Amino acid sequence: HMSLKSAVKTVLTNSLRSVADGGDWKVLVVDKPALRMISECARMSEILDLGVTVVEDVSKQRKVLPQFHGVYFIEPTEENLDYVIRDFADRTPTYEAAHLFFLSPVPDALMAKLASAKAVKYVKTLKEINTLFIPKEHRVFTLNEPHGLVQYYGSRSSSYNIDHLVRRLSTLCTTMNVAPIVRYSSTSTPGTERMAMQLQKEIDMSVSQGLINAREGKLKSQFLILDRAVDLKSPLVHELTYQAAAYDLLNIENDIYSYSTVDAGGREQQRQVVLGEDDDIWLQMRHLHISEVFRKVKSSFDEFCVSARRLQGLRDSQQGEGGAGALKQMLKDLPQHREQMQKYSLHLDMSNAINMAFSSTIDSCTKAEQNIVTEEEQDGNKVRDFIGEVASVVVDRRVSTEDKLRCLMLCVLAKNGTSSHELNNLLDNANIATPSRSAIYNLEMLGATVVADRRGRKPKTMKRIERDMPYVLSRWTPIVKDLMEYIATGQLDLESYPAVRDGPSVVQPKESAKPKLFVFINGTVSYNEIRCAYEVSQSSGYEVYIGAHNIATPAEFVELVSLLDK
């Protein structure tokens, strides 16, 4: 389908247009998991002219509307069926009828409960959609589990339930319509290996079941399954590409950014907008270096104004207060363009905010982070005293606790073994409160070895591709990118990353086409790893899709790791 948002919207559309009603408006009754998935693939405006007039939460259900057919997107769960048998049960039904679409297969015990209750007479159509994964971005899928990392590697990991996880992920293959070879690391945790085994049988039990039909070209679709431990550095590094820097340095809760502009009059009007796929500047700009974004948004804004006046008949001889006076004159002269204007004012703002937040302090942290993480300087002079690299940052009292933590964590990852004593002293010199130190020690639970007496873990044996990295604060490349490119070239050892089946089917010489590569990392995915799936799609060979239980910024990843033992 190319985009996961397109793919998910298509299932919603194909399902809505299968509802056999009398042609009145529809009521879309929706789950929490359904709400999240649908909300991320369709605006309200796109739902309206798909013939639904309201969206409702399966819980509560006030306002009875018998003139309209109810359509349910909902999970095969007792709590839900009780809401359904309840919306009808009583004297007057709640909709003209119910059209039930289940997010995954419905058990028989529940099927019976529905058959015995009154509701049975009202249920017209009942299907199993096979889609329960959040389409966050065109190339990013998510499980809406913000504590995934904890539930999976934490001190309750034993009882995770990798079943519901395998089915959620196989969902990715049915709605995408592709039957991939499953790949995993030789050094996968047992929990993970099993998950990869089971995923293979799931998609296969779907293919011999005609839930997915493919042609199987020369190159093959693969589904790479990874432990967070594949790369513990990427989640931590300050990053200077637009999306990644915004989410790190700025306050972006649930994808909402707040800024201040002016309208006709009233100044400091505080707008909240969502960052997303329906904003053309966001796209195209989001994977660019921030220094370059700063100035293209400005260019694009000025070009837009100059052009939008030549489409009518005018000319910009009036420049007051710079580009603010352009924004005032545009909203006055060309009201038509009010929305493009809001779009530019948002990125003018966000661009600037990033530039300001990237203080000399943050630059210091970044330089140190790059040196530690690539293990050489801009120069190329190998760096060996990782603890010395950090000292500069850690004395600096202008530096956030969280920032110090990030540098410290990167430091013990590099050292790969540090004496209890030298480590307890580093933490003391850094003035890191003892409760906050679980961010360091809990790396053990992701297979890191931090203290030297716990015994070092055998070195990761994988060549790094080696790239031309121009920008001096952007020399680090996430490991996951190398995994991607190797696979897009069958060049990824079967001993290092074995297939469940058809192993020799990825041999190596010593638009709507192209094979898919799904990458799923347990726990957390990073914006720099997300960027990689895009870079690697537009470069060579495959179309790449990346995902995890949730997206975590560097701050959120620090919090998660600190929670692994609590």
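Numbering starts at 1 and runs along the sequence shown.
- According to the record, the deposited sequence contains 10 or more residues between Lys510 and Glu511 that were left without coordinates.
- Higher mean CA temperature factor between 465 to 473 and 340 to 348: 465 to 473, per the PDB entry.
- As recorded in the PDB entry, 53 to 61 is the stretch of 53 to 61 and 524 to 532 with the greater mean C-alpha temperature factor.
- If you compare the C-alpha temperature factors of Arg139, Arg286, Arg267, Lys298 in the entry, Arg267 comes out highest.
- Based on the entry's C-alpha B-factors, the most elevated value among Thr192, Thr374, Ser260, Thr361 belongs to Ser260.
- The entry lists a Cα temperature factor for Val450 that places it in the middle third of the chain's modelled residues.
- Ranked within its chain, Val11 lands in the middle third, by CA B factor from the PDB record.
- Sort the chain's modelled residues by C-alpha temperature factor and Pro459 lands in the highest third, per the entry.
- Annotation for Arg437: C-alpha temperature factor in the lowest third relative to the rest of the modelled chain, per the entry.
- Among the modelled residues of its chain, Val544 has a C-alpha B-factor that falls in the middle third, as given in the PDB entry.
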